[PDB]
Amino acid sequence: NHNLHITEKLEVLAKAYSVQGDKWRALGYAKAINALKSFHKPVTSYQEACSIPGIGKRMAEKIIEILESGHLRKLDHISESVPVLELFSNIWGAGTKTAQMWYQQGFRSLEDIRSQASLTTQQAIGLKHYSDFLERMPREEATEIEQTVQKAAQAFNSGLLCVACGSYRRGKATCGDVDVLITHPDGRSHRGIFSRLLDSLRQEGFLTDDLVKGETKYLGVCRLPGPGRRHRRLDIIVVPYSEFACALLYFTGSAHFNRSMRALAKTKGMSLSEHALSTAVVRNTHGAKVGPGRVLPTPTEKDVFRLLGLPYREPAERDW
């Protein structure tokens, strides 16, 4: 990163807008920050600032203040509420609206939340694991978690395919959580496995708490056995084999990679989701789907790239 002196300051503002609910302004900052990290050389001129996609007049102005004075005065006017709003929205299940409500109600610490706040089932689990969920795990531990799910799944049906996606598949040395995708090549026998799989994972205490228990998605909490283990976030998605490539692409990410690819698809009259790549998608002027279109055959991830006119990228070069 040629421009840490700039991005470190912008990241503070980005996070401030995010926790206060100003999601589109925060998005613009996040995109400018990534663009700046991608640039080869230091940004040295306002003219060079606007040069970059994602950098407008306002962002170029802030870059020029930083280079000339080494500071951004805007940082000095960030609301005193922001560190508390960040503290609260780092509880799993609490976002900007819940954080702002707790702040308005006078809560300033997790002790206040613990002792006085009305918590959802999800949020009580988030609070109970507050520290652990802010920690990453070594890639090796993610391997052990993936293998634990796979062995439980294959005990029911040897034919089930299980793959750890997210940052693991993108090759990262550490992982925030584990993202396991499950399917069956026979196109049918992925159905109804959750009850048995999850109960199997419960029985010797690997699965410690459930956050979401849907027909397709599980989100919860696990812990490997033995001393020195922390609780880890675990997500499981079960999909029919017909959707495997698009589900794999979705679940491998990154989030910004997916958003960029989906935006591209929309420009080409197509729609990309974890279910399918569709074409002849009829939308309105608001960019919203009014006609479904046709699902395009995507047996592999490479087929999705090809149909979008893009060269294939291995998971490691999707880490946007």
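Counting begins at 1, following the sequence as shown.
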- Is it true that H286 has no coordinates in a third or more of the other entries in the comparison? yes
- Per the PDB record, is the mean Cα temperature factor higher over 251-259 or over 40-48? 40-48
- Message: I need to verify one thing: averaged over C-alpha atoms only, is the B-factor higher for 236-244 or for 95-103?
- Response: 236-244
- From the list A276, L264, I64, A30, select the residue with the highest C-alpha B factor recorded in the entry. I64
- Query: Between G214, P83, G176, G159, which carries the biggest CA temperature factor in the record?
  - Reply: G159
- Task: Tell me, lowest, middle or highest third: where does the Cα B factor of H184 rank within its chain?
- Result: highest
- Task: Could you look up the Cα B-factor of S131 in the entry and say which third of the chain it sits in: lowest, middle or highest?
- Result: lowest
- Note on the structure: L72: CA B-factor among chain residues, third -> highest
- Note on the structure: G192: C-alpha B-factor third of its chain, per the entry, is the highest
- Looking at the entry's B-factor column for C-alpha atoms only, identify whether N90 ranks in the lowest, middle or highest third of its chain. lowest
